[PDB]
Structures are given as structure tokens and as C-alpha cells.
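Observations on the model geometry
Letter by letter, the chains look like this.
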Amino acid sequence: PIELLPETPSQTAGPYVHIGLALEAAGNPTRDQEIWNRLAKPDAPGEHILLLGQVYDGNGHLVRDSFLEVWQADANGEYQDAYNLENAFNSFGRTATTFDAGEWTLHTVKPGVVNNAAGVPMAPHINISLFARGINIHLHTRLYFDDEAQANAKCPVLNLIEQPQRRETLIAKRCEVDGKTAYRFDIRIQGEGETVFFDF
Amino acid sequence: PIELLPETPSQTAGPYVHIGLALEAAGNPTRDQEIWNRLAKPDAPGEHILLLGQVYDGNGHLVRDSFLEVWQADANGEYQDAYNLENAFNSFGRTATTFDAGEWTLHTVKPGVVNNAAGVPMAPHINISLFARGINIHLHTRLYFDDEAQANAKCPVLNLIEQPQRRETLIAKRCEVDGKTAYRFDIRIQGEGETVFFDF
Amino acid sequence: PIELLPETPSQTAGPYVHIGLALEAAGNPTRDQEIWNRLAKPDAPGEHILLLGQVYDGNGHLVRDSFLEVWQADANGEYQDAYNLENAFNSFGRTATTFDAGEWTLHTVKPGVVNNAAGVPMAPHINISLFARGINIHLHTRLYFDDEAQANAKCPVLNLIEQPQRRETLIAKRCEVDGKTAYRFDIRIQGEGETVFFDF
Amino acid sequence: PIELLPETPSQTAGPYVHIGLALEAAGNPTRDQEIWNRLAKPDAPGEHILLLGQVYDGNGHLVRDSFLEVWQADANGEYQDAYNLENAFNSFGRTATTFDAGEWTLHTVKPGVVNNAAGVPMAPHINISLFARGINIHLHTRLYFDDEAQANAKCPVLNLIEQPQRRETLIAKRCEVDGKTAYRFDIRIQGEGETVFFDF
Amino acid sequence: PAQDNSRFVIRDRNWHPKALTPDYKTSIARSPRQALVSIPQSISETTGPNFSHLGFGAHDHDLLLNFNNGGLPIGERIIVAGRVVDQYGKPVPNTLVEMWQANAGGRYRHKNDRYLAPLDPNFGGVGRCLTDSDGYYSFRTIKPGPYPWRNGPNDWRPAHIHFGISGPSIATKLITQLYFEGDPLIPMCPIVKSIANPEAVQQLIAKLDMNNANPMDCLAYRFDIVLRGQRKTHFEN
Amino acid sequence: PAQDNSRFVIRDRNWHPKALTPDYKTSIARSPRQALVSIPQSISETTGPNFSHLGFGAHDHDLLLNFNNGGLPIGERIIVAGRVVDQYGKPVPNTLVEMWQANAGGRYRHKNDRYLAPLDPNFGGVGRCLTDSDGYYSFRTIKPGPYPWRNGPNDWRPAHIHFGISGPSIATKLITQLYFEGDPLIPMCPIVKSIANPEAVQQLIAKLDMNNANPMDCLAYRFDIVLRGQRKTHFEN
Amino acid sequence: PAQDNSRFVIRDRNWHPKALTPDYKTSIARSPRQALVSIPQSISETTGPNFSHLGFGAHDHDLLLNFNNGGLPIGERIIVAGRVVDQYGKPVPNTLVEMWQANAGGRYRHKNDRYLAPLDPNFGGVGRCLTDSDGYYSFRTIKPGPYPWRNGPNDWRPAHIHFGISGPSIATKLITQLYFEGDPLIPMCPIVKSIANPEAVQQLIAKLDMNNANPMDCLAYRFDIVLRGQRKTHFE
Ligand SMILES: [Fe+3]
Ligand SMILES: [Fe+3]
Ligand SMILES: [Fe+3]
């Protein structure tokens with residue numbers, strides 16, 4: 001068969017990933033421009049939300065050295081790839097769990113609906129890639145919202161998860177933090193309540 | 001050492017096993033004669049019973065595409081191998097779980113006692129072979145009966161299972177279905193309450 | 001793919017084939033029973049015929065060391081495989097061309113119609129195999145009759161010969177020899193008028 | 001020595017070439033635009049002519065499945081390579097022999113004189129490529145005209161054919177079809193009168 | 001009734017695929033985590049059904065004719081034939097061989113198959129037969145197509161026919177899959193690769209069999225099946 | 001109008017099949033017995049049609065859609081794609097690639113084909129396209145079946161697609177046949193074997209191309225085509 | 001205004017390291033036990049950030065100058081350079097390449113690293129670059145030292161530099177580690193050996209590149225990166 005050049009293989013990010021990719025979270029000096037966890041300035045259109053979560057290993061213990069990358073549509077359901085710290089909104093961000101702060105946070109807006117390649121709407125979601133010591137190749141997941149039940153029930157990606165019970169692992173829980181709308185999305189890498197991870 | 005011709009290797013039966021081995025269960029038209037789940041004609045000797053059960057995977061979720069073959073002595077402890085739809089009793093049958101009917105059923109008689117090769121009586125039992133998508137080589141088990149406690153305690157096959165708690169996985173529970181004597185035999189392929197599986 | 005034992009390869013019969021297979025034609029003493037050119041005793045049913053012919057090489061010169069084997073149905077369209085010199089008719093015979101007698105002869109009856117494997121009638125024919133010095137593997141042909149024009153036109157074997165002109169090479173010419181019905185069938189191995197040879 | 005990438009090897013076009021390259025000739029439905037046998041619109045410059053011919057195998061039998069491609073200068077000696085069904089003249093066309101129409105036809109104009117690479121005029125000619133079942137790599141030839149005898153005698157390509165008698169195989173015969181000027185160009189692939197075929 | 005008169009050679013469960021083969025994703029949750037419990041052969045294991053008295057239809061072995069809705073199925077006409085023997089080389093006569101497959105496009109006639117390749121109105125995909133007195137079986141069918149399946153993001157089954165063979169006891173019963181000589185999908189398939197030993201994989205590949213072909217009609221493939229060796233009991237009790 | 005500005009590398013007629021290849025029986029009477037006459041390249045040979053202005057239909061390259069009589073064809077859905085280059089490795093852009101084939105069962109939609117395998121009412125078997133500015137072409141089709149033919153008493157063509165490629169001149173024009181990776185019929189075919197050099201045969205075998213497949217939809221095969229090398233004229237006259 | 005116009009060749013997850021690789025002890029509890037769920041590519045997966053207008057500092061790619069506290073760092077001066085291409089051999093221009101590493105003695109500038117090898121007051125260990133229009137990147141740094149880690153009782157990482165590459169979409173994003181030609185620690189490392197195929201391990205070993213060296217100044221190593229092949233959608 002046709003064999004292309006093989007892809008460079010993945011390796012774990014390791015315990016010090018933060019010195020290269022999360023300088024502030026590492027307690028080290030930052031450069032003038034950093035890619036971080038504030039996707040939306042206050043003036044950006046749409047519903048402003050706080051996302052937060054904790055990451056658990058297979059023994060139910062906190063992962064305190066996680067690094068997370070997120071990719072989401074704007075409130076109007078468009079992906080904004082031209083990354084610029086002057087933008088009111090950027091579709092891409094980074095966050096982390098650390099020893100000081102075991103709970104990651106993101107400041108964003110709720111993403112609008114986007115269609116799949118066959119033109120069927122997907123429920124509002126945030127794409128997440130999870131890196132850490134012990135993770136040899138990053139894990140892909142999606143964060144959906146518990147107040148989009150009707151859309152979630154019809155999502156063609158959610159519906160590829162064979163068991164309903166496993167679908168529940170991707171649904172973030174609405175709450176309020178300091179009077180502001182927030183959603184909690186905990187990730188369990190292994191075992192009871194194991195979060196659905198994707199290949200694509 | 002002496003090496004014989006190798007056996008043809010097993011492969012999973014896959015998700016469409018019913019089109020070949022359970023045509024009625026597949027909702028496809030049947031041929032004039034099919035090997036199915038009614039072992040006993042109404043006037044066959046012995047105690048007429050219903051067997052039924054569900055099959056669970058390692059996540060506790062129903063296996064909705066399993067295919068089962070059974071082999072049992074008749075009520076007089078004889079194996080009737082000359083398969084024939086005109087027989088009052090066939091020792092062999094087939095059943096299945098499907099999307100519509102997640103619970104398999106078998107109509108038979110309670111089997112009589114047979115001796116092992118050393119002449120020791122075995123407790124009444126049904127030999128079962130389980131096939132499905134995800135099962136690379138079929139799993140062997142035995143269904144024994146909870147109202148044969150004295151015989152079960154003395155069975156030389158049950159006594160080969162080192163732990164009493166695992167012996168309990170092979171004991172079907174007496175119940176009533178539509179007012180008729182029945183025994184329920186659930187199979188757990190993996191994890192908590194995992195059913196004992198045999199090699200011979 | 002599946003490969004069977006290979007067939008023993010053919011070799012030419014060579015110039016002295018007659019000492020082994022045509023003893024009389026070789027001018028050598030015969031044994032008590034020989035397989036030769038009289039397929040029909042006078043009492044055999046059907047139309048008694050003389051067949052004769054000459055064999056030509058690619059330069060138009062006579063082949064004077066040919067050996068021919070023939071196989072034909074009886075007048076009723078049945079092949080008689082139980083070869084016996086006491087039979088009124090045998091379906092099999094042998095003839096030859098020699099230096100003394102360049103023209104072979106056969107004494108037979110006109111064969112009846114036989115169907116092909118799909119049940120379609122073939123026109124009356126004699127199967128012929130030709131052997132000689134210079135012929136590494138024998139050549140198969142058929143002799144048909146010029147007074148069976150209607151049957152010949154519909155023969156499914158004749159009709160596999162793509163060109164009408166080549167079909168004419170297999171049609172023997174009726175004549176009279178000493179007041180008796182005869183047919184002449186000359187074979188041209190190579191070049192102008194080349195006789196159709198078959199593979200099967 | 002310097003060895004380039006090898007050319008993809010030729011294979012016969014086979015008996016069903018018309019379904020791909022001569023759809024109307026195959027009696028199958030045509031697409032909106034097909035490359036076929038009318039090179040000249042009625043108002044194209046030059047002398048409008050019909051070309052036609054038959055193709056013979058080595059046994060003198062008609063080739064009833066041939067496919068032909070032609071390439072010729074226009075009447076002013078120009079090769080019109082921008083193929084377009086709206087052109088007054090196309091230098092390229094296709095034609096075929098079939099079971100129904102054993103004689104190919106081409107509607108064109110008489111081509112004007114073009115010079116060879118050394119600047120010597122070639123006699124008016126049509127370049128022809130012949131494909132068919134049994135032809136493993138297509139055969140190149142040229143059709144010249146019998147009423148251009150002076151030019152033909154001086155053609156540097158015709159003069160590369162060592163024997164005058166073989167030069168005669170490339171000269172089409174002027175005739176009339178339905179009262180119109182025509183030239184007949186029969187091709188004999190093999191044997192007596194074998195048409196000259198070119199390599200370049 | 002059946003008697004305990006024979007013993008079957010123990011299975012090599014490193015020649016067969018193991019239960020847990022994670023690249024085949026459905027095996028991860030449908031594989032036992034405890035060891036199998038070994039038990040001695042008794043009459044329960046060394047006997048099994050014989051199907052000599054099962055009534056077979058005329059076309060049960062002929063998939064070109066057994067789903068006839070006004071015409072022939074579309075696809076590559078093939079005979080699939082072979083012999084069933086045990087590990088000692090003894091033929092296994094009068095044994096039930098069942099088979100099922102997709103159509104020429106990789107579509108199964110099952111409600112759960114939603115692949116966009118069309119059903120063939122003259123093809124059902126199911127056959128059975130009994131081996132003859134010398135162990136030989138034969139079916140006539142069309143060659144099934146590969147098809148995509150939700151394992152990895154671009155996984156395709158090689159063309160295959162599912163087989164089930166009864167043999168002389170429940171100890172011999174086997175389900176497997178036949179694949180076709182030279183199919184470049186075979187080395188890439190996680191179900192094929194559930195078999196760790198490449199020599200064992202080779203045993204599932206049917207060979208083109210020109211000798212059994214019907215000229216101008218259908219090709220043929222040969223697939224021989226080996227069941228557990230059967231011997232008489234000796235020196236017991 | 002066209003100009004004489006290039007020369008084409010001379011063909012290796014021991015790499016191509018020779019004319020007389022008697023095992024392929026129809027070649028015996030359709031092969032010239034006289035030598036070909038070599039002639040120098042002129043404008044007549046170094047020019048040829050360009051089909052940039054030919055009007056192609058929407059589905060001309062898509063055999064799954066271009067014979068649509070109410071449904072999809074039955075059979076193995078495949079993309080057949082590749083690149084056309086010359087012997088110097090230069091892409092050949094805007095060139096005409098035409099193809100035809102049998103259906104999934106080895107039956108052609110031609111009156112002369114009487115093979116008993118049925119026609120597919122949604123399959124015609126004909127495609128064309130122009131290579132893009134980088135030399136690439138693609139078709140979507142179903143994989144054709146082998147079929148029997150009246151050569152030897154049990155001869156079968158391997159599965160194949162017929163191709164015709166124009167290239168930059170009449171000197172480059174080529175007709176060939178594409179075969180499929182691993183088909184055990186390829187070594188047995190007298191038409192394949194008209195090519196004496198086994199390395200040349202390999203150049204006609206399309207490779208399975210999982211990278212170009214559409215998951216859950218169609219597989220893909222890659223077939224690259226090399227036409228005669230083109231160079232500028234130099235030091236002439 | 002990102003659009004779905006491309007598909008990416010599916011990953012070979014037997015070429016990459018598997019999740020569960022027990023000799024690398026931390027993978028035992030941080031590996032999913034359920035199968036990954038395959039999903040079709042959509043605009044969500046086939047797009048991603050472009051960092052063309054991220055504002056880079058003058059020394060962001062030069063680790064000999066980007067932690068300047070009065071002198072040069074101690075250690076082997078090297079240039080680390082290469083090309084980022086996809087599996088079709090197409091270069092990947094204007095893509096973000098980030099890297100981090102320990103100092104010459106195997107010590108990282110992170111509070112959780114308490115290895116007794118000292119920090120270097122003129123070294124920080126962090127770089128970033130965008131590939132140029134032909135897919136090339138380059139950093140200047142010091143060769144990192146190996147270092148011990150609490151896996152087995154005497155386990156040591158080979159000298160290595162951590163790398164992250166964005167590529168054209170979130171589907172191509174990759175984190176990996178670069179190792180150095182000839183290092184005898186490479187075959188012993190359970191993190192290297194998380195990669196089962198030895199030919200894949202070879203793809204992470206940077207080669208000494210004398211052609212790129214500055215005589216009398218610094219050596220150079222070459223590390224080419226291949227991301228997933230990108231093709232146009234067809235017949236969807
Ligand atoms: Fe299947
Ligand atoms: Fe063909
Ligand atoms: Fe490190």
C-alpha cells in the first residue's frame with residue numbers, strides 16, 4: 001500500500017511542561033505576549049462564562065501538573081484562527097493545574113452552534129486536549145453544557161458514544177461563582193466515571 | 001515433540017452473526033428448518049422449564065448482540081445427539097440476545113444427572129457457549145440450578161473452582177415467568193461477579 | 001493459488017510410433033488382439049461409411065508417418081467405452097499414414113447426434129487426435145460431414161470458431177469409393193487452409 | 001548510462017474500447033461533448049473530403065473492433081491543437097470499425113504541406129494511430145494521397161521506407177462516395193500488402 | 001444417545017486469538033479478566049449434535065439462488081470449497097458448515113447495518129451445508145466487499161466470509177472468518193491481528209483455486225478447516 | 001497553432017509488450033511481421049491535441065453518479081487517483097485521462113459482452129477527466145470484477161480498469177490497463193504477460209491508498225502514470 | 001472565518017506510544033482503560049490557531065541571551081534547527097514551535113525540581129519560534145544534561161529538549177522530546193521505550209550537523225518534524 005512519511009511520535013509533556021507553555025502558572029517570569037486562559041475580553045459578544053475543573057487519575061487522586069489546550073467557536077459559531085492578544089475574542093487558549101491551584105479556569109463565552117461535515121448541527125462544545133506527566137500522547141475530549149439538553153440529545157458526535165451513561169461524562173455542570181455563570185467540567189482519566197476521549 | 005496440524009484459529013462471530021445463525025432473531029426470513037431455542041416438545045419427558053438471562057460487559061452494560069449455543073442431557077440423563085426437529089427432545093439448541101430482545105430464552109426440561117469420566121455424578125447442568133462481537137474465541141460456561149444445592153455441593157466440576165464465591169456465579173436462580181417454572185442465568189463477562197468460564 | 005501435481009509432459013511420438021501402436025502398418029507381426037481402423041463389423045446398426053484422408057505439413061508436403069486416434073458416438077449417439085474386438089461397434093480406433101500408404105482409412109458408421117454439456121445438440125462428428133514426428137503434443141480436431149449442413153450451421157462447437165472460412169476446414173467431403181459411401185478429410189497442419197485444432 | 005523513470009507500459013485496448021472512447025459507435029448513450037470523426041465544419045477552409053477504410057488481420061479477415069485516432073494539418077498547413085467542438089476545424093479526431101460498421105469514416109479537409117525538422121516539405125498526410133483487441137501497443141502509420149504523386153515522390157518520410165513497393169501501402173486511393181470526393185485507405189496489419197508502420 | 005468414547009487435543013490458546021486484544025476496541029470490555037478454569041473432558045464436552053437428520057433446502061448452499069427475487073446477484077461469482085479434517089488429518093464427515101457474508105459492496109442484510117453501499121435485491125448472504133462422507137463442503141456465492149467499521153477512524157474489514165463449523169463435539173465447535181488470497185487489507189485489520197502468530201493468520205486465507213473453477217462462469221477459492229484432533233480414550237480409571 | 005519545440009525520449013519497445021505474444025491468441029494474427037520503420041520527430045509527431053476547451057459534464061469523473069437510474073451501483077466503492085508525469089519527473093498538467101471498466105461482477109455495458117454475470121442498472125463503467133495544474137487526476141468508481149474470456153480454456157482477466165492518456169503529443173499518447181494490488185490473477189494472465197519484464201508489470205499495479213480513503217464511505221487506490229520524457233530541441237540544423 | 005477544507009491522515013497509534021506503558025510508572029494510573037471513540041473530522045478538528053501575529057521578543061529563540069543576568073550560560077553552545085513538514089513532504093510555514101529544557105547539569109528552572117545539580121544564573125531553558133515561509137526553525141541554546149528521576153531505582157533521562165508544535169489544526173498539534181545522536185542513555189529510558197517501534201524512536205534523535213555549526217563558536221544539531229498529512233476534501 002501507499003506509505004507516507006511517518007509522523008514524529010509523541011512523548012509525554014513531563015512534569016515541567018509549565019516552564020515552556022504556562023509560564024505564569026509555573027511561577028516564572030512571563031514574556032510580553034503569552035497565550036493563556038482569557039479567550040474573551042469583557043466587550044466580546046455572547047454569554048460570558050467561567051469554566052473550571054479538576055483532573056483525576058485512576059486512583060481518584062488529583063492531577064496537579066495538567067496542561068490543557070482549548071479550541072472553541074465564538075458566540076456566532078465561527079472559529080477565529082487569527083490569534084492576536086488585541087482581539088476581543090480568540091478561539092484558542094491554554095490553562096493548567098498546578099500544585100498551588102489544582103483547579104484550572106478558563107474565561108470565555110459560550111460557543112455558538114457549528115455544523116458537522118455532513119451539515120448536521122453539533123451541540124455547543126469546547127474542544128480540549130489534555131497533556132501531563134504520565135500521558136504519552138495527549139487526550140482529546142469535548143466539554144458540552146448541561147443547559148443545552150435538547151441540542152446535546154441530537155448531537156451527531158455525542159451520538160457516536162454507544163452508551164448513554166458515557167455521554168454524561170462530557171456534560172459540564174452549570175453553577176455560579178461570585179454571582180457569575182460558571183460550568184464545572186471534571187475529567188477522570190481512568191476508572192469509575194472515566195471521561196470519553198476521542199480519536200480523529 | 002510431536003506437533004499435529006494446527007487448529008484453524010477462532011475469530012469473533014461479529015455483529016451480524018444472527019443473519020447466519022439466528023435468522024428469526026435477525027428479522028430475516030427463515031428456511032423450512034432452523035436450529036433454535038425450543039429443545040422440548042410439549043410431551044417430552046421430564047420437568048418443563050424456561051431458562052432466561054441477560055449478558056453484561058465489563059462496564060455493566062447489556063450485550064445486545066450475543067449468540068448462545070447450549071448442550072444438555074435429557075430428563076433421563078441421556079445426551080440426544082441425533083438432531084431432528086421431529087424429536088420430542090433435542091439436547092442441542094441456540095438462542096440470542098438482540099436490540100429488540102436483550103434477554104435470551106430457552107424452552108427445555110431440567111436435565112438428569114450424568115457421571116464424569118471417573119464415574120462421579122455431576123450436578124444437573126446445561127453447557128453453554130457464548131459468542132459475540134468483541135469475543136475473539138467463544139466462552140464456555142455451565143448453568144447449574146439453585147434447587148439442587150445438595151448435588152451442587154458434591155459436583156466434581158464445581159469443586160474444581162477454587163473459591164466458593166466464584167462457584168455462586170454458575171447457579172441459576174429459580175423464578176416464575178408467566179406463572180411457569182423458570183431459572184434465570186445472567187452472565188457477566190468481566191469485572192464484578194464475573195462468571196466462571198471453562199477451558200477443556 | 002492451489003497448485004496440483006503437474007501433468008507428465010508430452011513428447012513427440014517420433015518416426016517409429018508404428019512399431020508400438022500400429023504394428024500392421026509398420027509391416028511387423030501383430031499380436032492376437034490389436035486396436036485398429038475397423039470400428040464397425042458389417043452387422044452394426046447405422047450408415048456404414050469409409051473415411052479417408054491425407055495429412056500435410058506447412059510446405060504442402062505429405063506427412064507419411066502420422067498416427068491418428070479417433071473417438072465417435074455410435075449411430076444412436078451413444079459413446080461405447082467398453083472396448084472389445086467381439087463388439088459389433090467400438091467407439092475408438094486407430095489409423096496411420098505410412099510410406100507405403102500415405103492415405104489413412106477408417107471403416108465406421110456415421111455417428112448420431114450428441115448434446116453438449118448445456119444440452120444443445122452438436123452436429124455429427126468424429127474426434128481425432130493426430131501424432132507424429134515433429135508434433136511435440138498431439139493435435140485435436142473434429143471431422144464433420146458436408147451432408148449435415150443444417151446441423152453444422154447450428155453446432156455450438158463449430159460456432160466457437162470465430163471465422164466462417166476456418167469452419168470449412170473441419171467439413172469432410174462426401175464421395176464414393178468402390179460404390180460405397182465415403183468421406184475425405186484432409187488435415188493441413190500449417191499455412192494455407194490450416195485445419196482448426198482445439199484445446200480442451 | 002543515464003536511465004530515466006520508465007514509461008508506463010502499453011496494454012491492448014481490448015474488445016470494449018468503444019464504451020470508453022467511441023460511445024455512439026458502441027450504441028451506448030453519449031455525453032454532451034464527444035471527440036469523434038467530423039474534423040471540419042462545413043465552412044472550414046480547404047477541400048472537404050471523406051476518408052474511409054477497412055482493417056485486415058493476417059488471415060485477410062476484417063478487424064471489426066478497431067479504434068483509430070488521427071492527427072492532421074488544416075488546409076493551410078497548420079496543426080490546430082486547441083481542441084473544441086465549436087472550431088471550424090479540429091486537427092484531431094477519432095473513428096472506429098464495429099460489428100455493424102466494419103468500415104471507418106472520417107470527414108475532414110485535405111491537409112496542407114508541413115515541413116520536417118530540417119525544413120524539407122512533407123507530402124500531405126494524415127497521422128494515424130490504430131488500437132484493437134490483439135494489438136498490445138498501438139500501430140502508427142500515415143495516409144498520403146494518390147493525387148499528390150509529385151509531392152509523395154519527394155517526401156523525406158516516405159523516402160525512409162527502403163522499398164518502393166512498401167511505399168505504395170501508404171497511398172490512399174481517390175474515389176467517390178455518394179458523389180463526393182473521398183480517399184480509401186485500407187490497412188493490412190500482417191502478411192501480404194502489410195501496411196508500413198512507424199516508430200518515432 | 002451419545003457416548004463418551006473420545007478425547008480431544010487441548011486447544012493452544014496462544015495460537016487462537018487471546019480474549020483481550022485492545023486494538024480491536026470491543027474486546028476491551030468483553031474479555032474475562034479472570035483465568036479460565038480447566039476441567040477434564042467428560043461426556044458433556046466430548047459429545048455434541050450431529051445434523052445428518054436436519055432437513056436442508058435445495059439451495060441452502062447456493063447463495064446465487066437462495067435469495068432469488070427475479071435475477072442473479074451482482075458481483076464476482078465464486079465457489080468456496082474445501083475439506084474439514086482434524087489435527088490428525090482425519091476427515092470430519094457429515095458435519096455442519098454454516099456461513100454468512102456481506103454483498104459485493106460490503107453491505108449486510110441486517111437491520112443494524114447502515115453502510116451507504118446498497119443492498120442487492122437478489123442476495124441474502126447466508127449458506128449452510130453438511131460435509132460429505134470424505135469431509136468436503138462447497139458453497140457458491142459472490143465475493144463479498146470490504147467495509148468500513150467504527151473501530152479506529154479509518155478501519156476497513158478485508159473481504160471475508162464468516163464460518164461456523166460444528167464438528168464431532170461441543171469441544172470442537174468453531175467460529176472463524178475466511179479471507180482472500182492477496183488482499184492488502186489483511187495485514188492492517190485489528191480483528192485479523194487479534195491472532196498474534198502470523199502463521200496462524202495464514203491459515204485463514206483462502207487460496208485461489210483455478211482447478212475448481214467453472215470456465216466462462218465462476219472462479220473458486222479453497223478453504224480447508226482443521227478441528228481439534230480426536231483420539232480414543234486410553235489407560236483411564 | 002501548434003509548434004515543433006520539443007523532442008520525446010525514444011520508446012523502449014522491450015519494456016512495452018512486443019506485438020507478437022502468442023499466449024495472447026488474438027495477437028498472433030494482429031501483429032505486424034515486418035519491422036517498424038523509424039522516422040525522425042517532426043511537428044507531425046511532437047504536437048497533439050489539448051483538451052482544455054472540451055466541455056466536461058459534472059459527473060464525467062464519477063462513475064457512482066454518471067449512470068444514475070434511481071440508485072447507487074452495487075460493489076466496492078473506490079477512489080482511483082494519481083499523478084501523470086513524464087520520464088524526467090515533470091508533471092503533465094491539463095491532460096486527458098479516460099477510463100472504462102466492467103461492473104462489480106465482471107460484466108461490461110457493451111452489446112458484444114454475453115457473460116452471464118448481470119448488468120448493474122446504476123453502472124455504466126465510463127469516466128474521463130483532465131489532470132490538474134500539478135498533474136493529478138481522480139475518479140470515483142466501484143472495483144470491477146475479474147471475468148472469463150475465450151483465450152485458453154480457463155482464462156480469467158484480473159480485475160482491471162482500462163486507461164487512455166493523451167499527454168502533450170501524439171508521440172506520448174498511451175492506452176494501458178490498471179490492475180489491483182495483490183490480485184492472484186495477475187501472474188496468470190496472458191495479457192499481463194505480454195509484458196516480458198516483471199518490473200514493467202509492477203508499474204501497472206495500483207496500490208491500496210488508505211490515506212486518500214474517505215472513512216465510512218470508500219477506499220482508494222493510487223495509480224501513477226509515466227509518459228515519454230519531453231526535452232527542448234538542441235543543436236539541430 | 002476558519003473553514004473546513006482539509007482532511008488529515010489518521011494517526012498510527014502503534015507508531016506513537018500507547019497510553020499504558022507500565023515501565024514508565026506514572027502511565028499506569030494516567031492511561032484510559034476504555035477505548036478511544038473515533039469521530040469524523042469536522043471544522044472543530046480541522047482548524048486551529050495561527051500565531052503569525054503573536055508578538056515574539058527579540059531573544060525568544062535564543063536561550064543564550066533570553067535569561068541574561070550578567071553573563072553567558074555555562075555549557076555546550078548549540079544551534080538546534082530543522083524543518084517542519086507534513087507526511088506528504090509539504091513544508092508547514094508560519095507554525096509555532098515551543099521548547100523547554102534543563103540546564104547543562106540536568107536542572108530545570110522550576111520549583112518542583114530539587115535535583116542537587118545547581119541552577120545556572122544565566123539560563124532559563126525556554127524558547128519559541130515561528131517556522132519561516134519554507135518551514136524552517138532554529139534555536140540557540142546549551143546542550144541539556146541528563147538527569148535522574150524517581151521511576152526505577154536508577155533511572156536517568158537522556159539529554160533532551162521538549163518540543164511543542166502547533167501545525168495547521170488542533171488535529172496536527174504535537175508534543176514530543178528531542179534526543180541527541182549517540183547518547184547511550186536512549187535505549188535504557190522507559191519514556192523513550194514507550195514507543196514500541198525502534199524506527200519511530202530513531203525519528204526523535206537529532207543528528208550532529210557540522211554544516212550548520214559556527215566555527216570557533218557553536219555546534220549544531222538537526223531535528224526535522226513531520227506532522228500529519230493534509231489533503232483537500234474529495235467526494236464528500
Ligand atoms: Fe463481517
Ligand atoms: Fe477489460
Ligand atoms: Fe525533561
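Residues numbered from 1 in each chain as written, not as in the entry; some residues may be left out. Chains lettered and ligands numbered in written order. Part of a larger assembly, values for the part shown. Heavy atoms only, no water.

The deposited coordinates derive from X-ray crystallography, with the record listing a resolution of 1.8300 Å.

Going by the annotation in the PDB entry, the name recorded for chain E is Protocatechuate 3,4-dioxygenase beta chain, with Pseudomonas putida given as the source organism. According to the record, the entry carries the title "Resting Protocatechuate 3,4-dioxygenase (pseudomonas putida) at pH 8.5". Under the heading Catalytic activity, UniProt records this for chain E: "3,4-dihydroxybenzoate + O2 = 3-carboxy-cis,cis-muconate + 2 H(+)". Regarding chain E, the relevant UniProt record gives this comment under Pathway: "Aromatic compound metabolism; beta-ketoadipate pathway; 3-carboxy-cis,cis-muconate from 3,4-dihydroxybenzoate: step 1/1." (UniProt positions renumbered as here; feature names shortened; annotations may be inferred.)

Under the PDB entry, the name given to chain A is Protocatechuate 3,4-dioxygenase alpha chain, and the source organism is Pseudomonas putida. In its Catalytic activity section, UniProt records this for chain A: "3,4-dihydroxybenzoate + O2 = 3-carboxy-cis,cis-muconate + 2 H(+)". According to its UniProt record, chain A has this under Sequence similarities: "Belongs to the intradiol ring-cleavage dioxygenase family."

Let us now look at the environment of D146 of chain B. All names here are of chain B. Its location among the elements puts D146 in the loop between β7 (139-145) and α2 (149-154). For the pair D146 and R174, spaced 28 residues apart in sequence, the C-alpha to C-alpha distance is 6.5 Å. In contact with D146, other than residues within four places in its own chain, are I171, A172, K173, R174 and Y183. A polar atom in the side chain of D146 sits 3.1 Å from the backbone nitrogen of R174. (Helix = DSSP H or I, 4+ residues; strand = E, 2+ residues; numbered from the N terminus. Contact = heavy atoms within 4.5 Å. Polar contact = N/O pair within 3.5 Å; in protein donor to acceptor, adjacent residues only side chain to side chain.)

Now for the environment of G102 of chain C. Residue and element names in this part refer to chain C. The residue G102 is located in the loop between β4 (92-96) and β5 (104-109) in this model. With 42 residues separating them along the chain, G102 and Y144 place their C-alpha atoms 21 Å apart. Ignoring any residue separated from it by four or fewer positions in sequence, one finds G102 in contact with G53, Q54 and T97.

This part is about the interface of chain E and chain B. Where interface size is given, it is often the accessible area lost as the parts come together that is meant. Taken together, the contact pairs 86 residues of chain E with 71 residues of chain B. A buried area of about 7100 Å², summed over both sides, lies between chain E and chain B, and 57% of it is on carbon and sulfur atoms. On inspection of chain E and its partner chain B, the count reaches six salt bridges. Note that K173 of chain E and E69 of chain B form a salt bridge whose closest N and O atoms lie 2.8 Å from each other. At the boundary of chain E and chain B, one finds 47 residue pairs in polar contact. (Buried area = accessible area lost by both parts, 1.4 Å probe. Salt bridge = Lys/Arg side-chain N within 4 Å of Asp/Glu carboxyl O.)

Attention now goes to the coordination of the iron ion (ligand 1). Residues and elements named next belong to chain E. Looking at the metal site, the iron ion (ligand 1) is ligated by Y108 (OH), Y147 (OH), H160 (NE2) and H162 (NE2), spaced 1.8 to 2.2 Å from it. Relative to the metal, the four donor atoms surrounding the iron ion (ligand 1) lie at angles of 89 to 161°, and the coordination shape comes out irregular. Each donor residue of the iron ion (ligand 1) lies on one chain, and together they are spaced Y-x38-Y-x12-H-x1-H. Of this pair, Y147 sits in strand β7 (residues 147-149) while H160 sits in strand β9 (residues 160-165), and the two are 13 residues apart along the sequence. With respect to burial, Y147 and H160 carry one shared label: buried. (Donors = N, O, S within 2.8 Å, 3.2 Å for Na, K, Ca; no water. Tetrahedral: all angles 85-135°; square planar, octahedral: opposite > 155°, others 65-115°. Buried < 20%, exposed > 50% of the residue type's maximum accessible area, 1.4 Å probe, protein only.)

Before going further, it helps to spend a moment on the UniProt feature "binding site: Fe cation" in chain E. Following the UniProt record, one finds the feature "binding site: Fe cation" at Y108, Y147, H160 and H162 of chain E. Spanning 55 residues, the annotated positions come together in the fold, the maximum distance between their C-alpha atoms being 14.0 Å. With respect to the helices and strands, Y108 of chain E occurs in the loop between β4 (96-100) and β5 (126-130). Not counting residues up to four positions away in its chain, the partners in contact with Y108 of chain E are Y16 and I19 of chain B together with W100, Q101, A102, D113, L119, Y147, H160 and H162 of chain E. A polar contact is formed between the side chain of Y108 of chain E and the side chain of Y147 of chain E, at a distance of 3.0 Å. Setting aside residues no more than four positions away along its own chain, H160 of chain E makes contact with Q101, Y108, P144, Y147, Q177, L178, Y179 and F180 of chain E. Side-chain polar atoms of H160 of chain E contact the side chain of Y108 of chain E, separated by 3.0 Å.

Another aspect to go through is the pairing of strand β4 (residues 92-96) of chain B. When you tally the buried positions in β4 of chain B, you get five out of five residues, the bulk of the element. Alternating residues of β4 of chain B divide into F92, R94 and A96 of chain B and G93 and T95 of chain B, and every residue in both groups is buried.

With that out of the way, let us pick up the state of the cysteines. Summed over the entire model, instances satisfying the criterion amount to zero disulfides over all chains. Take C129 of chain E: it sits in no disulfide, and the sulfur closest to it among the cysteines is that of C218 of chain E, at 16 Å. (Disulfide = S-S within 2.5 Å.)

A complete count under the given rule lists 44 aromatic pairs over all chains for this structure. Where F145 of chain B meets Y183 of chain B, the ring centres are 4.9 Å apart and the plane angle is 80°; that geometry is what we call edge-to-face. Taken together, the positions of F145 of chain B in strand β7 and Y183 of chain B in strand β9 (residues 180-184) put the pair 38 residues apart, joining distant regions of the chain. Assessed through its relative accessible area of 0%, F145 of chain B is described here as buried. Seen from their ring centres, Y137 of chain F and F139 of chain F are 5.8 Å apart, and the 50° between their planes marks the pair as tilted. A residue is classified by how much of its surface remains accessible, and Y137 of chain F, at 4% relative accessible area, is buried. (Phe/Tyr/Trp six-rings, centres within 6.5 Å; stacked < 30°, edge-to-face > 60°.)

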